[PDB]
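Take a look at the structure below.
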Amino acid sequence: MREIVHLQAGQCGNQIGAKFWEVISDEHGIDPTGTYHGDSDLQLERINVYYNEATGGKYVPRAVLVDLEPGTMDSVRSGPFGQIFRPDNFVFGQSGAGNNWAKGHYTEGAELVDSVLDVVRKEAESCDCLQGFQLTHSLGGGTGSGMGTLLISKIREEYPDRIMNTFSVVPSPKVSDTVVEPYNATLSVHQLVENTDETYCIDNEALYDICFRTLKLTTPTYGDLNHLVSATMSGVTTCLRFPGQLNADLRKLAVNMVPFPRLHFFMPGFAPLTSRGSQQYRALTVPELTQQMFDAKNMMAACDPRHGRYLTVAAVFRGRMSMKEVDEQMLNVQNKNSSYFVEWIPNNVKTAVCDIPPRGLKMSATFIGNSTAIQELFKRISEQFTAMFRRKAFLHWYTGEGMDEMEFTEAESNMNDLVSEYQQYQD
Amino acid sequence: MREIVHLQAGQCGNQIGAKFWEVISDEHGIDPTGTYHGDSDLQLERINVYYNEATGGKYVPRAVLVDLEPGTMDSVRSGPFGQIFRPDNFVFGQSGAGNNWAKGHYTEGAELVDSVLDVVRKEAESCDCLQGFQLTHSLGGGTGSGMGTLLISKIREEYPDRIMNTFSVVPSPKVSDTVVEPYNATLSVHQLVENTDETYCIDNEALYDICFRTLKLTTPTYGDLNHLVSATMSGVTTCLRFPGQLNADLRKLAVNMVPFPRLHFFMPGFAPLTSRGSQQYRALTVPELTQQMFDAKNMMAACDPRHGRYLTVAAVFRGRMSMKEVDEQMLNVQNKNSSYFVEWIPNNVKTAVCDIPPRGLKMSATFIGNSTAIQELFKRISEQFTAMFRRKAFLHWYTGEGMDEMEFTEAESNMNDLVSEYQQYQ
Amino acid sequence: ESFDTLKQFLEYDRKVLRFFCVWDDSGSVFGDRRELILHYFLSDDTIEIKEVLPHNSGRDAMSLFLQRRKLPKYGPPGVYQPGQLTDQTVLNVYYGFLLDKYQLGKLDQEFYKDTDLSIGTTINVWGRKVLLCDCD
Amino acid sequence: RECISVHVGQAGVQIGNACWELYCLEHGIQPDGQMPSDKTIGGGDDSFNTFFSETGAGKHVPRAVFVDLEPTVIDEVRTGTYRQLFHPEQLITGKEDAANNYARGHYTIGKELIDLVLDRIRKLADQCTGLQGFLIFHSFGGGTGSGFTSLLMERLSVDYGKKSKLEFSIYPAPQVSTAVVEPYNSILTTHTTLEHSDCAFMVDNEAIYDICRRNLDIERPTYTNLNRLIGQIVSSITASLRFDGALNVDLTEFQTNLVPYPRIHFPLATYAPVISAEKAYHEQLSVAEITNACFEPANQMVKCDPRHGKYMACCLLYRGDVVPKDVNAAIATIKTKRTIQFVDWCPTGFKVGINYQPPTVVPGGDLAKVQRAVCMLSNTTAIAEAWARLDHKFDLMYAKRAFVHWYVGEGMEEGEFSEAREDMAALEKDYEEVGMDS
Ligand SMILES: Nc1nc2c(ncn2[C@@H]2O[C@H](COP(=O)(O)OP(=O)(O)OP(=O)(O)O)[C@@H](O)[C@H]2O)c(=O)[nH]1
Ligand SMILES: Nc1nc2c(ncn2[C@@H]2O[C@H](COP(=O)(O)OP(=O)(O)O)[C@@H](O)[C@H]2O)c(=O)[nH]1
Ligand SMILES: Nc1nc2c(ncn2[C@@H]2O[C@H](COP(=O)(O)OP(=O)(O)O)[C@@H](O)[C@H]2O)c(=O)[nH]1
Ligand SMILES: [Mg+2]
């Protein structure tokens with residue numbers, strides 16, 4: 001009765017976000033055609049956070065599907081759990097975005113912001129009492145970062161007090177697809193330092209390292225990586241759909257991490273990520289998760305937490321765990337590690353414990369941490385910006401839709417303030 | 001108990017009326033042999049309203065079939081249900097109307113209104129206690145505005161006080177067929193407003209958008225637009241045949257919606273129109289059947305009701321529904337759209353329900369609207385006329401059947417008389 | 001699936017089958033044993049049926065009996081809701097339409113065919129039990 | 001539903017022969033005049049009634065009167081492959097032609113046969129319960145195709161009166177001169193064509209010569225190809241009385257639907273999907289491009305191009321497998337198109353009709369098997385620019401007063417010669433007075 005609407009934008013966001021709905025649907029027992037076939041009555045008890053009843057005992061998700069090319073939407077309906085979606089909510093264009101931020105925002109998706117919103121504004125009336133949205137995108141491309149940025153300023157000027165959520169891939173330094181990734185990302189942080197109320201940072205480069213060392217996969221395709229983000233993005237909405245013993249909804253976290261109105265770019269994590277060979281050899285308790293929770297190679301952002309200071313840590317646990325044992329382990333990993341936690345915040349950890357675990361795991365956890373390390377992602381972005389910009393490398397396509405040479409420097413100083421506002425509070 | 005006469009003329013009216021009796025005869029459950037093979041017992045108890053008994057049980061319809069040529073009526077009996085009509089109701093001449101108002105209304109017109117009124121008043125005596133008249137025609141031709149506009153003008157002057165249904169397919173704004181359209185309209189708009197006092201009239205253009213978007217049809221033929229306006233004329237006449245809770249008959253559907261005597265030109269609808277594949281993805285409650293009715297796009301309209309006002313709306317529900325959830329959902333639709341309903345009228349919406357859902361659905365509704373924005377359809381015809389009349393385009397064929405230019409610009413003076421009255425309530 | 005309407009037309013353009021037919025309704029109050037002709041066009045598999053009339057019977061000289069149509073198999077099928085008889089199902093409307101991968105609202109409507117029509121067998125013409133008694 | 005068809009002179013009788021193979025092949029009836037015993041074409045109940053009357057023995061016979069003063073063409077069709085079909089008294093011969101003389105064809109021999117042709121017309125009219133109009137085939141450039149045309153239609157109009165007559169007639173081409181006295185033999189009947197015609201469809205020769213040069217794979221063409229093409233167009237016109245479709249118009253409908261004023265009745269015809277069998281199936285012959293390529297100036301059948309004058313009324317008669325949303329989208333595309341300008345006293349300008357019988361091509365032919373067909377009938381104002389050519393062909397040959405010496409010996413004198421010219425001056429002046437925008 002605290003509903004959330006899913007918006008999924010681009011070719012990375014739709015591949016990520018069509019794997020999220022296969023995680024959730026068999027958490028709640030339902031078939032690949034929305035038929036309920038579950039084996040727990042508490043699977044249905046809060047299904048209406050993400051679903052919407054259809055006549056005959058079939059449930060449809062609340063998702064709006066965004067693209068500028070019509071070829072991806074065929075690739076989602078062809079998927080395993082693709083046919084559960086709403087066919088009136090598939091909305092897309094004709095011609096390409098050119099991998100331009102200047103074409104999702106200005107040409108190709110700006111003739112579509114009447115029709116994405118009419119599907120969107122209908123979905124926020126079928127709810128009982130709305131709480132949130134969630135956009136699913138990256139910061140390297142045109143569709144994901146140029147429509148998913150216009151849409152946020154479409155929602156918040158309509159719904160300025162509902163808490164928005166945002167899941168975002170940050171472009172890696174050395175892992176490269178475009179040559180124009182710094183140009184795409186730096187003009188898109190201009191509208192997420194203002195408009196989101198919750199934003200996440202996930203790097204593809206550190207995603208590979210988990211799959212090499214911890215998971216010890218031989219060659220990871222995307223399907224396991226898009227699965228890795230699905231069990232943390234389904235970690236922040238755990239206290240809405242299942243009973244807790246110390247529970248924190250989507251709103252309770254947001255006022256408690258963020259100390260000042262522009263420090264809201266968080267790091268994910270997942271504690272019991274284990275290799276297949278070492279599951280038989282592993283003890284699973286509440287201490288040993290925490291040595292894996294805070295462990296600096298089991299977190300999905302390529303800037304070392306030992307090269308900064310933590311501000312606040314949440315940890316949304318799942319299982320049946322003792323509540324002294326939760327609250328002394330969040331003391332013990334502060335006292336033995338005193339330097340990397342800031343002063344002038346005495347208890348530097350928030351905690352949360354649920355009661356329904358994941359599928360097959362007897363106990364699990366989920367890390368979210370706000371460190372001062374995230375400036376390193378915000379310095380190698382910013383130096384590669386001025387590396388190309390000081391002789392105007394690839395601009396006359398973005399200048400084709402007519403932005404002058406100040407709007408790339410106006411939105412460059414809005415990107416270097418996060419270098420300032422993190423070293424402002426580091427020492 | 002109360003029986004009704006439905007009169008078929010024109011090429012366009014005869015054809016839709018063939019699709020009319022198929023949506024009636026399956027909902028009462030009689031097959032094209034005339035035998036009764038329905039399911040429920042609620043279909044027989046008021047079967048007499050449209051139909052009529054015969055010896056052996058072959059239920060016959062009450063309809064009169066006029067066309068000046070025999071081409072169409074040799075194609076109406078040639079349908080699946082076409083072998084039910086009484087062949088003493090098929091009346092015809094032998095020559096076509098030429099898409100002409102001159103060969104319909106006056107000159108060859110007298111040679112059959114002797115013969116087509118002599119079978120109509122055979123149906124009035126076989127009727128027990130009559131109620132009104134239905135007529136299915138098109139305003140833009142030679143049999144529809146030729147024979148019908150006579151016959152409504154010569155049947156109120158026999159029965160002076162009965163309600164008069166008239167289902168006129170209006171000419172389309174930018175996609176029409178004949179070049180003679182602003183002649184057959186403005187001549188026959190005069191005798192409608194003086195006589196026929198409810199026209200349920202939206203064109204072929206707006207039925208093509210309902211096919212293209214709401215139903216998402218790829219190749220919609222003429223056999224689906226008729227099925228789109230046969231359902232909305234079989235749900236307006238549903239409190240005369242089926243029981244319900246708050247039910248309203250065809251004089252109850254006049255005094256609610258005729259404030260001033262010459263403002264009775266309505267606009268139809270039909271609620272649970274969906275896509276084809278998206279049946280299983282849709283919920284059906286009266287909180288959202290009231291949302292398909294109350295828009296300007298997915299309701300049958302070649303005009304924008306956002307460019308005017310709503311003067312008095314009715315909406316007839318069917319199926320097993322609440323009555324708070326019906327009546328509060330007409331409260332929430334006048335408050336949110338108070339700029340579009342008029343002032344100086346405290347309640348705008350009439351609402352009627354019933355207790356029989358149609359074949360294949362659990363509930364359905366029909367949205368019937370009287371609105372001040374209908375004057376643009378009467379504007380665009382009178383703008384097509386004046387850029388064509390003043391060079392005297394086709395005024396020798398109308399001279400060729402005795403009709404003078406004195407009664408052409410006199411008919412333009414009454415289209416402009418009528419566009420002022422709907423505009424009085426800005 | 002094939003929605004192509006050209007190869008069959010090119011092969012079987014002007015070839016029409018004909019069977020003389022009889023419908024024996026004298027069990028009504030005033031009924032006759034009636035004589036009909038059933039045509040069957042191999043270009044598109046649609047049945048047109050004519051009327052053949054005696055010397056001085058009282059029936060009218062109307063043109064035919066039923067039009068050219070794809071005749072349904074068993075009885076009169078019920079009159080479906082609008083928008084349900086589409087041949088190709090559609091995902092969304094971007095008028096331009098994008099086709100759907102699954103056919104959800106497609107209906108199982110059986111039809112007469114040339115191998116369902118044979119000499120010496122009885123069929124159902126919208127409820128009328130007829131027997132195909134002859135051929136050319 | 002019936003219509004009376006008359007064929008006059010050499011050219012009208014030839015093109016009518018083409019029409020009659022196409023009608024016999026269009027229905028089930030053999031050149032033996034009988035419906036066949038074995039093959040069933042899925043025909044109509046009584047759908048041959050427009051052109052054929054059925055004798056009780058099964059022999060179906062035509063309604064057409066073939067008149068020619070020179071007996072050569074009729075005495076070869078009396079011995080050809082259609083000797084069995086006709087009424088033997090239906091066909092009227094003589095023993096001397098006009099030899100390119102209006103006055104010899106209209107007054108010297110012209111009185112001798114008109115009672116025969118009028119009595120045959122009454123003899124046709126009395127069996128047909130229905131009647132709709134007259135369908136007359138002739139060529140202006142000949143004496144027995146112009147003078148006898150004028151004589152028969154003036155006597156027939158003073159007999160019947162109120163009925164439409166549609167003259168499907170051949171009109172001369174520049175730079176080719178089959179006869180030398182073409183304007184002197186053409187302009188004289190123009191007075192009475194303007195007096196009483198209602199649908200005078202002119203057809204050119206070299207336009208069809210070039211359209212079969214480039215649309216079809218024909219080099220060095222002849223007359224029979226032209227005649228079968230024109231027969232296809234006449235059956236496409238006439239199909240709405242025989243067959244039945246979802247939107248269909250009869251002859252008084254398009255008479256009252258295409259003629260603005262009583263002195264502007266001269267439309268122009270075009271049949272769109274005319275192409276060879278090799279190139280045909282390598283293209284989709286869709287409805288949108290079929291009616292877009294129906295609006296090309298090089299696809300017209302009289303060389304006066306539509307670019308110069310603005311249209312005023314068009315009719316688009318479709319046959320085959322056509323859904324009306326297709327033709328509505330086609331009208332919307334044509335109305336958004338830029339080059340095709342209308343005239344500001346028609347807001348609407350079109351007319352459409354749909355029929356459910358496809359085109360049917362005679363065996364041993366020239367056309368492709370196509371699943372659809374359309375035919376447009378339009379009137380523009382460029383035919384005045386197709387008459388100024390014969391005005392200035394008449395003038396420079398009358399400036400020497402050349403070869404009126406053969407005309408003065410027969411019945412007519414020089415007095416009618418100025419009246420015809422001032423009549424055509426009035427006609428082109430009235431096209432300019434109509435075509436001006438108000
Ligand atoms: N379709 C067709 N038209 C022809 C043919 N031959 C001549 N024409 C047309 O007829 C004109 C020549 O004059 P004709 O019509 O033959 O002369 P006529 O009407 O028979 O009168 P006479 O000269 O006395 O025999 C030419 O300009 C052609 O346009 C033909 O073989 N087929
Ligand atoms: N996790 C995950 N990442 C993906 C997947 N597909 C693509 N990506 C990442 O998406 C990035 C680029 O996507 P983007 O440019 O935003 O796509 P666009 O919006 O259509 O231009 C690449 O660097 C890929 O690493 C996937 O299936 N899963
Ligand atoms: N829905 C529907 N409309 C038709 C049909 N036949 C014709 N029409 C419409 O009727 C309009 C004109 O019909 P019209 O020629 O005036 O008929 P008339 O009055 O008898 O002359 C056309 O614009 C068509 O769109 C049909 O079978 N179904
Ligand atoms: Mg000759």
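Residue numbering restarts at 1 in every chain; chains get A, B, ... in the order shown in the structure tokens, and ligands count up from 1 in that same order.
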Worksheet item: Within 6 Å of ligand 4, counting only C-alpha atoms and all ligand atoms, which protein or nucleic acid residues do you find, written as a ChimeraX atom specification?
Response: /D:9-10,70
Worksheet entry | Protein and nucleic acid residues within 6 Å of ligand 1 (only C-alpha atoms and all ligand atoms) as a ChimeraX atom specification | /D:9-11,14-15,97-100,139,141-145,170,172,178,223,227
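Proximity to residue 4 (chain A) was assessed for A:107, A:204, A:95, A:237 counting only C-alpha atoms; the smallest distance is recorded for A:237.
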Got a sec: who's within 10 Å of residue 77 (chain B), counting only C-alpha atoms, leaving out chain neighbours fewer than 4 positions off, as an mmCIF file with N, CA and C atoms, in the first residue's frame?
data_model
loop_
_atom_site.group_PDB
_atom_site.id
_atom_site.type_symbol
_atom_site.label_atom_id
_atom_site.label_comp_id
_atom_site.auth_asym_id
_atom_site.auth_seq_id
_atom_site.Cartn_x
_atom_site.Cartn_y
_atom_site.Cartn_z
ATOM 1 N N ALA B 18 -28.738 -3.908 -41.273
ATOM 2 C CA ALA B 18 -28.539 -5.345 -41.362
ATOM 3 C C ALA B 18 -27.656 -5.839 -40.229
ATOM 4 N N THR B 72 -29.359 -2.800 -53.323
ATOM 5 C CA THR B 72 -28.967 -3.095 -51.951
ATOM 6 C C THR B 72 -29.866 -4.143 -51.316
ATOM 7 N N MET B 73 -31.164 -4.103 -51.583
ATOM 8 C CA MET B 73 -32.050 -5.059 -50.933
ATOM 9 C C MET B 73 -31.997 -6.437 -51.563
ATOM 10 N N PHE B 81 -28.256 -13.473 -41.567
ATOM 11 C CA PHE B 81 -29.516 -13.257 -40.873
ATOM 12 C C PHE B 81 -30.560 -12.594 -41.759
ATOM 13 N N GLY B 82 -30.262 -12.392 -43.038
ATOM 14 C CA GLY B 82 -31.132 -11.622 -43.894
ATOM 15 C C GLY B 82 -32.407 -12.319 -44.295
ATOM 16 N N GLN B 83 -32.549 -13.609 -43.999
ATOM 17 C CA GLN B 83 -33.731 -14.371 -44.387
ATOM 18 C C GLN B 83 -34.806 -14.375 -43.308
ATOM 19 N N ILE B 84 -34.880 -13.316 -42.511
ATOM 20 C CA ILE B 84 -35.891 -13.187 -41.481
ATOM 21 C C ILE B 84 -36.912 -12.107 -41.820
ATOM 22 N N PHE B 85 -36.521 -11.096 -42.592
ATOM 23 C CA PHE B 85 -37.367 -9.942 -42.866
ATOM 24 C C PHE B 85 -38.600 -10.326 -43.668
ATOM 25 N N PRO B 87 -41.208 -10.221 -46.424
ATOM 26 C CA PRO B 87 -41.102 -9.722 -47.794
ATOM 27 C C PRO B 87 -42.282 -8.889 -48.264
ATOM 28 N N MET C 62 -35.849 -12.687 -55.709
ATOM 29 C CA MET C 62 -34.669 -12.080 -55.118
ATOM 30 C C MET C 62 -33.425 -12.706 -55.717
ATOM 31 N N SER C 63 -32.309 -11.996 -55.675
ATOM 32 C CA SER C 63 -31.092 -12.478 -56.325
ATOM 33 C C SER C 63 -30.403 -13.770 -55.885
ATOM 34 N N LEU C 64 -30.247 -13.993 -54.587
ATOM 35 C CA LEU C 64 -29.499 -15.163 -54.121
ATOM 36 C C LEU C 64 -30.048 -15.733 -52.838
ATOM 37 N N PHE C 65 -29.210 -16.457 -52.117
ATOM 38 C CA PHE C 65 -29.615 -17.013 -50.837
ATOM 39 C C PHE C 65 -28.695 -16.545 -49.716
ATOM 40 N N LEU C 66 -27.389 -16.719 -49.872
ATOM 41 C CA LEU C 66 -26.382 -16.067 -49.050
ATOM 42 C C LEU C 66 -25.286 -15.521 -49.952
ATOM 43 N N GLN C 67 -24.514 -14.587 -49.412
ATOM 44 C CA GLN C 67 -23.466 -13.913 -50.156
ATOM 45 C C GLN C 67 -22.220 -14.778 -50.208
#
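The closest residue to residue 52 (chain C), picked from D:46, D:2, D:26, D:423 and counting only C-alpha atoms, is D:46.
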Worksheet item: Residues within 8 Å of ligand 3 (only C-alpha atoms and all ligand atoms), as a PyMOL selection string?
Response: (chain B and resi 9-13+15-16+67+97-100+137-146+169+171-172+176-178+204+222-226) or (chain D and resi 246-247)
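Our summary of the geometry notes that CA of residue 267 (chain A) is positioned 6.2 Å from CA of residue 301 (chain A).
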Practice prompt. Would you kindly return, as an MDAnalysis selection string, each protein, DNA or RNA residue with an atom no farther than 10 Å from any atom of residue 158 (chain B), considering only C-alpha atoms and excluding same-chain residues fewer than 5 positions away?
Written response: chainID B and resid 121 152:153
Output N, CA and C atoms for every residue in the selection just made, as an mmCIF file, in the first residue's frame.
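What follows is the written file result-v2.cif:
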data_model
loop_
_atom_site.group_PDB
_atom_site.id
_atom_site.type_symbol
_atom_site.label_atom_id
_atom_site.label_comp_id
_atom_site.auth_asym_id
_atom_site.auth_seq_id
_atom_site.Cartn_x
_atom_site.Cartn_y
_atom_site.Cartn_z
ATOM 1 N N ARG B 121 -48.169 1.769 -41.346
ATOM 2 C CA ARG B 121 -49.390 1.748 -40.552
ATOM 3 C C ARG B 121 -50.084 0.392 -40.559
ATOM 4 N N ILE B 152 -40.177 11.034 -42.088
ATOM 5 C CA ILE B 152 -40.307 11.596 -40.745
ATOM 6 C C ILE B 152 -41.210 12.822 -40.754
ATOM 7 N N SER B 153 -41.240 13.567 -41.858
ATOM 8 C CA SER B 153 -42.102 14.729 -41.963
ATOM 9 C C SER B 153 -43.535 14.350 -42.245
#
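The smallest atom-to-atom distance between ligand 2 and any of A:71, A:142, A:80, A:268, using only C-alpha atoms and all ligand atoms, is found for A:142.
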Worksheet entry | Counting only C-alpha atoms, chain C residues within 8 Å of chain B, as a VMD selection string | chain C and resid 28 to 29 62 to 67 76 78 to 84 86 88 to 90 93 95 97 103 to 106 126 to 128
Worksheet item: With only C-alpha atoms as the basis for distance, which of C:68, C:20, C:77, C:136 is at the shortest distance from chain D?
Response: C:136
Worksheet item: Would you name the residues within 6 Å of ligand 2, counting only C-alpha atoms and all ligand atoms, and put them as a PyMOL selection string?
Response: chain A and resi 10-12+15-16+99+138+140-144+177+222+225-226
Output file for the selection above: N, CA, C and O atoms, as a PDB file, in the first residue's frame:
ATOM      1  N   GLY A  10      16.607   2.554 -21.839  1.00  0.00           N
ATOM      2  CA  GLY A  10      17.813   2.251 -22.568  1.00  0.00           C
ATOM      3  C   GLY A  10      17.961   0.780 -22.862  1.00  0.00           C
ATOM      4  O   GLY A  10      17.075  -0.038 -22.621  1.00  0.00           O
ATOM      5  N   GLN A  11      19.121   0.451 -23.414  1.00  0.00           N
ATOM      6  CA  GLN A  11      19.446  -0.917 -23.770  1.00  0.00           C
ATOM      7  C   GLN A  11      20.199  -1.641 -22.669  1.00  0.00           C
ATOM      8  O   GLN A  11      20.166  -2.872 -22.632  1.00  0.00           O
ATOM      9  N   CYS A  12      20.865  -0.913 -21.765  1.00  0.00           N
ATOM     10  CA  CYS A  12      21.433  -1.567 -20.592  1.00  0.00           C
ATOM     11  C   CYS A  12      20.393  -1.692 -19.500  1.00  0.00           C
ATOM     12  O   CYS A  12      20.366  -2.692 -18.775  1.00  0.00           O
ATOM     13  N   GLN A  15      17.881  -4.585 -20.217  1.00  0.00           N
ATOM     14  CA  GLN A  15      18.454  -5.904 -19.990  1.00  0.00           C
ATOM     15  C   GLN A  15      18.643  -6.171 -18.508  1.00  0.00           C
ATOM     16  O   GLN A  15      18.412  -7.294 -18.045  1.00  0.00           O
ATOM     17  N   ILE A  16      19.080  -5.157 -17.756  1.00  0.00           N
ATOM     18  CA  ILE A  16      19.156  -5.272 -16.303  1.00  0.00           C
ATOM     19  C   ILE A  16      17.763  -5.437 -15.724  1.00  0.00           C
ATOM     20  O   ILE A  16      17.505  -6.331 -14.908  1.00  0.00           O
ATOM     21  N   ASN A  99      23.601   7.446 -30.059  1.00  0.00           N
ATOM     22  CA  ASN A  99      24.348   7.518 -28.800  1.00  0.00           C
ATOM     23  C   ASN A  99      24.724   8.951 -28.455  1.00  0.00           C
ATOM     24  O   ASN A  99      25.856   9.248 -28.080  1.00  0.00           O
ATOM     25  N   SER A 138      22.188   3.663 -17.212  1.00  0.00           N
ATOM     26  CA  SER A 138      23.623   3.862 -17.061  1.00  0.00           C
ATOM     27  C   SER A 138      23.967   5.313 -17.332  1.00  0.00           C
ATOM     28  O   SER A 138      23.105   6.130 -17.652  1.00  0.00           O
ATOM     29  N   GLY A 140      26.539   6.199 -19.737  1.00  0.00           N
ATOM     30  CA  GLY A 140      27.436   6.213 -20.872  1.00  0.00           C
ATOM     31  C   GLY A 140      26.804   6.452 -22.230  1.00  0.00           C
ATOM     32  O   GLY A 140      27.520   6.714 -23.198  1.00  0.00           O
ATOM     33  N   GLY A 141      25.477   6.397 -22.334  1.00  0.00           N
ATOM     34  CA  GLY A 141      24.814   6.371 -23.621  1.00  0.00           C
ATOM     35  C   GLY A 141      23.738   7.436 -23.761  1.00  0.00           C
ATOM     36  O   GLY A 141      23.452   8.190 -22.835  1.00  0.00           O
ATOM     37  N   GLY A 142      23.143   7.460 -24.941  1.00  0.00           N
ATOM     38  CA  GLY A 142      22.142   8.450 -25.246  1.00  0.00           C
ATOM     39  C   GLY A 142      20.785   8.142 -24.666  1.00  0.00           C
ATOM     40  O   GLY A 142      20.194   9.003 -24.014  1.00  0.00           O
ATOM     41  N   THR A 143      20.269   6.934 -24.904  1.00  0.00           N
ATOM     42  CA  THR A 143      18.924   6.583 -24.450  1.00  0.00           C
ATOM     43  C   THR A 143      18.852   6.504 -22.933  1.00  0.00           C
ATOM     44  O   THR A 143      17.944   7.072 -22.318  1.00  0.00           O
ATOM     45  N   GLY A 144      19.804   5.800 -22.319  1.00  0.00           N
ATOM     46  CA  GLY A 144      19.775   5.608 -20.879  1.00  0.00           C
ATOM     47  C   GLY A 144      20.026   6.879 -20.095  1.00  0.00           C
ATOM     48  O   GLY A 144      19.361   7.133 -19.091  1.00  0.00           O
ATOM     49  N   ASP A 177      33.504   1.473 -23.937  1.00  0.00           N
ATOM     50  CA  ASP A 177      32.847   1.219 -25.211  1.00  0.00           C
ATOM     51  C   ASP A 177      32.818   2.464 -26.094  1.00  0.00           C
ATOM     52  O   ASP A 177      33.405   2.454 -27.169  1.00  0.00           O
ATOM     53  N   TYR A 222      27.163 -11.149 -19.587  1.00  0.00           N
ATOM     54  CA  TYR A 222      26.323 -10.155 -18.933  1.00  0.00           C
ATOM     55  C   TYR A 222      25.237 -10.743 -18.056  1.00  0.00           C
ATOM     56  O   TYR A 222      24.937 -10.144 -17.022  1.00  0.00           O
ATOM     57  N   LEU A 225      26.114 -10.857 -14.541  1.00  0.00           N
ATOM     58  CA  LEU A 225      26.359  -9.521 -14.011  1.00  0.00           C
ATOM     59  C   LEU A 225      25.057  -8.762 -13.782  1.00  0.00           C
ATOM     60  O   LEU A 225      24.904  -8.073 -12.770  1.00  0.00           O
ATOM     61  N   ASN A 226      24.112  -8.864 -14.725  1.00  0.00           N
ATOM     62  CA  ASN A 226      22.815  -8.230 -14.554  1.00  0.00           C
ATOM     63  C   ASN A 226      22.030  -8.897 -13.438  1.00  0.00           C
ATOM     64  O   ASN A 226      21.105  -8.290 -12.896  1.00  0.00           O
TER      65      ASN A 226
END
Practice prompt. Please provide as an MDAnalysis selection string all residues within 10 Å of residue 8 (chain C), with the sequence filter that same-chain residues fewer than 4 positions apart are discarded (counting only C-alpha atoms).
Written response: chainID C and resid 4 12:13 42:45
Worksheet entry | Residue list for chain D near chain C as a ChimeraX atom specification, 6 Å, only C-alpha atoms | /D:40-42
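Set the cut-off at 9 Å, count only C-alpha atoms, and the residues of chain A near chain C turn out to be residues 70, 74, 77, 78, 83, 87, 88, 89, 90, 91, 92, 93 and 94 of chain A.
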Discussion item. Residues within 6 Å of residue 239 (chain B), please, as an NGL selection string. Count only C-alpha atoms; anything in the same chain fewer than 4 positions from it doesn't count.
Written reply: :B and (247-249)
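Running DSSP on the backbone and keeping only strand (DSSP E or B), the residues of region 167-215 of chain D that qualify are residues 167, 168, 169, 170, 199, 200, 201, 202 and 203 of chain D.
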Discussion item. Need to verify the contact set: residue 220 (chain A), 9 Å, only C-alpha atoms, exclusion of same-chain residues closer than 5 positions in sequence. Can you return it as a list in words?
Written reply: residues 208, 211, 212 and 225 of chain A
Please save C-alpha atoms of the selected residues as a PDB file, in the first residue's frame.
ATOM      1  CA  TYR A 208      34.396  -8.043 -13.325  1.00  0.00           C
ATOM      2  CA  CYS A 211      33.364 -12.533 -10.981  1.00  0.00           C
ATOM      3  CA  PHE A 212      37.068 -13.322 -11.217  1.00  0.00           C
ATOM      4  CA  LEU A 225      26.359  -9.521 -14.011  1.00  0.00           C
TER       5      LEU A 225
END
